[PDB]
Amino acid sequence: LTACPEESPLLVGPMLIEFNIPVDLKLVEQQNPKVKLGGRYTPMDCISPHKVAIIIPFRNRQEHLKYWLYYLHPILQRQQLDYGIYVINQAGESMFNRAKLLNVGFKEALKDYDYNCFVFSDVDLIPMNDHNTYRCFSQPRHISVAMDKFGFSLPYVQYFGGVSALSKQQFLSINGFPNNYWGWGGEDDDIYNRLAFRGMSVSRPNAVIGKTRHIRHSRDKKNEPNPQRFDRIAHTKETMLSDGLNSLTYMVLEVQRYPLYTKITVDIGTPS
């Protein structure tokens, strides 16, 4: 086997993405036979240098997940990546903590395979063009740059939410993501600040290839806007050394391998 081509030849470009067609995971699996237990896939006809762990923060979003799986697996295989899907499920009914869930995902995934790239994706975001590769780059990568919920515009140049990817070393170099952001908002801005403070820039696909669709939904109870988010992101400089991968604590309650993804239910504590 030889190293895969820089740009995969199975790419079709823009795709039709819609969510009023409720799916069947059984069909998904039948339609994606190369997907090994736990949502794992390795190209059989070339060597991909991208060992990608896709981490999805999760809590009561099965319907979104189904659509996510229906759409990304065929896409990811055409992108010729050697990947695994990790749904990090917050146990309990306390305040949601997206970023801490993403950290847990980084550590747990590494216990399965030697991934060197991490794609952090909201459960409700689907790329509209398979040319927007779900891999890592020389600089941190903002993948969902043109979301339809933002009329295909970046809400602001430093926006880093939705879907992003960090090589294993870029992630480590910033001490991971913060574990101290409970509730909705700001966590993505803190992460951006970290990348900046570490002297890194953000890489992005053009607005066309980066178009992506957001599954319309209402606010979830227990993930209400975090009023402390403004003060927190204003002090990332002072807190990233101690709040991160080095101070991460959690309790894996269960690991389930579904045919299309691995579900890790974890207890990540409460607002300290």
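Numbers follow the displayed sequence, beginning with 1.
Higher mean CA B-factor, judged across 216 to 224 and 202 to 210 from the recorded values: 216 to 224. Highest C-alpha temperature factor among 44, 55, 65, 52 per the entry: 44. Of the candidates 124, 148, 189, 93, the deposited coordinates give 93 the top C-alpha B factor. Remark: residue 113 belongs to the highest third of its chain, ranked by C-alpha B-factor as recorded.
Among all modelled residues in its chain, residue 173 ranks in the lowest third by Cα B-factor.
The entry lists a Cα temperature factor for residue 252 that places it in the middle third of the chain's modelled residues.
Among all modelled residues in this chain, the alpha-carbon of residue 133 has a temperature factor (C-alpha) in the middle third. The PDB entry assigns residue 139 a C-alpha temperature factor belonging to the highest third of its chain's modelled residues.
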